[PDB]
Amino acid sequence: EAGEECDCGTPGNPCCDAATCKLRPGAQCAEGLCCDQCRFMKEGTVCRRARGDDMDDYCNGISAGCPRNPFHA
């Protein structure tokens, strides 16, 4: 979202930096599993590593939220 949850929304977020609710360069995201150091995790990077039971969800690279795997998320 990064709307009301612009700086964090809930403290249980990766970067949770207020610079994301500001026009400060360097911070692109504060929320989502695909957000690392307030930066979008590069496409191809998993936001969820599989382990037999789980399946690998891959980040879109330009999205902080973990995109649903089209091959059964």
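Residue positions begin at 1 at the first shown residue.
Determination method: solution NMR.
Using N, Cα and C of the backbone, Cβ positions are placed for all residues, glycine too.
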From the list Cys6, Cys8, Swiss-Prot names as the disulphide partner of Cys16 the residue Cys8
So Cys47 is in a disulfide according to Swiss-Prot. Which of these is its partner: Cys21, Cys29, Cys66? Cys66
Swiss-Prot annotation: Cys35 disulfide-bonded to which of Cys21, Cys29? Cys29
Which Cβ among the disulfide-bonded residues (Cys6, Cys29) has the fewest C-beta neighbours inside 10 Å? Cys6
Of the disulfide-bonded residues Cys15, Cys35, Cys66, which one has its Cα closest to the Cα of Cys8 (disulfide bond)? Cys15
With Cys66 (disulfide bond) as reference and a Cα-Cα limit of 10 Å, the qualifying disulfide-bonded residues from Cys16, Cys34, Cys35, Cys59 are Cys34, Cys35, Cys59
Select one residue from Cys34, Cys47: among these disulfide-bonded residues, choose the one with the most other Cβ atoms within 10 Å of its Cβ. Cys34
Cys8, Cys59: which of these disulfide-bonded residues has the sparsest Cβ neighbourhood within 10 Å? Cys8
